[PDB]
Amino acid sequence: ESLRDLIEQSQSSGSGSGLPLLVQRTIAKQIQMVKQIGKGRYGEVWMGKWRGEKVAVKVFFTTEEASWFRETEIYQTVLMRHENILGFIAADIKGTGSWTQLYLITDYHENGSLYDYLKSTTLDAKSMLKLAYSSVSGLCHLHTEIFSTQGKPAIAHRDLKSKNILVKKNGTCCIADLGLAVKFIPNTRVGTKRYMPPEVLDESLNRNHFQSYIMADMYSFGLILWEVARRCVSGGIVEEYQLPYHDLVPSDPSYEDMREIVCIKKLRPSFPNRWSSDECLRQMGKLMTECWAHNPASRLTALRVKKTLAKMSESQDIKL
């Protein structure tokens, strides 16, 4: 019954991340749905209990079937499984006709997303770097093709935001919400408007190159580094949690709002003054800047960011 062990038993055999099919399709009827815990693109996210264990369930209606399909296929990709990607368990279906529900069942993380966790606590350098490094390690894994007999393609996420990264019990992060993800083998303007890079906002993203999606991801990830860094205490001082561009646009900003700030005036989130008094936060500031450059080609790669953060970590005697 031990879910982890069930998943380990079945993935030792091979091919599919998650439970074996026939086991997957026992789950919808047995899960106790407890409460809504958040939101996902095209579906609510609930906590459920299955065999006494908490799991998360992203619930789609049949109008969003294609998205359940796409997202589940991605999660079931070979060599996709990774400590910084949200752990897939099962997909199943319940109910009847117009009320049919499609379930995407995953690990549940009680700390919630980075958005929740940053509102809940302040950080030191070590926790800041652990969240940043783990999160970018997930992104880099997505972005990196892996050759095997059954390979993993390069994947761009396309909806990165602090609400789509979970913080595990051990202080590390895993990436979720893969329903807009693109594999190297789509509408340009999709995702969360507040995190869209200028070229997505104005539809000048070059659709001829997969790389454009990867470079788009790095701008969005730069904004998340800013969110996290604000919460690292230095000199006995710390900022309150805020979303990027909080002072420049309304909540639930529109395309017009974002185009003005990001495409036209080319503004970026501002750095609190106290950052310039701490070498680590100075370095984080430089990393953000280099992630969110207007010109996609000038942005750092996820691998470069990973390596930079690793160097910061070991430069303060911090493990990982």
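Note that residue numbering follows the sequence shown and begins at 1.
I185-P186 interval: deposited residues absent from the model: Gap between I185 and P186: 4 to 9 residues without coordinates.
Stretch with the greater mean C-alpha B-factor as recorded in the entry, comparing 226-234 against 196-204: The stretch with the larger mean CA B-factor is 196-204.
Greater mean Cα temperature factor according to the PDB record, 21-29 or 308-316: Between 21-29 and 308-316, it is 308-316 that shows the higher mean C-alpha B-factor.
Candidate set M80, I165, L118, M218 [ranked by C-alpha B-factor, highest]: It is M80.
Top Cα B factor in the deposited entry, candidates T149, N111, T72, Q242: It is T149.
Chain-wide C-alpha B factor ranking for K54, given as lowest, middle or highest third: Its C-alpha B-factor, which the entry lists for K54, ranks in the middle third among residues of this chain.
B-factor third for the C-alpha atom of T172 within its chain: Lowest third.
Lowest, middle or highest third - CA B-factor, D124: For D124, whose C-alpha B-factor we compare with every modelled residue in the chain, the answer is the middle third.
Chain-relative CA temperature factor third for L300: Lowest third of the chain for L300's C-alpha B-factor.
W68 - Cα temperature factor, lowest/middle/highest third of chain: Middle third by C-alpha B-factor.
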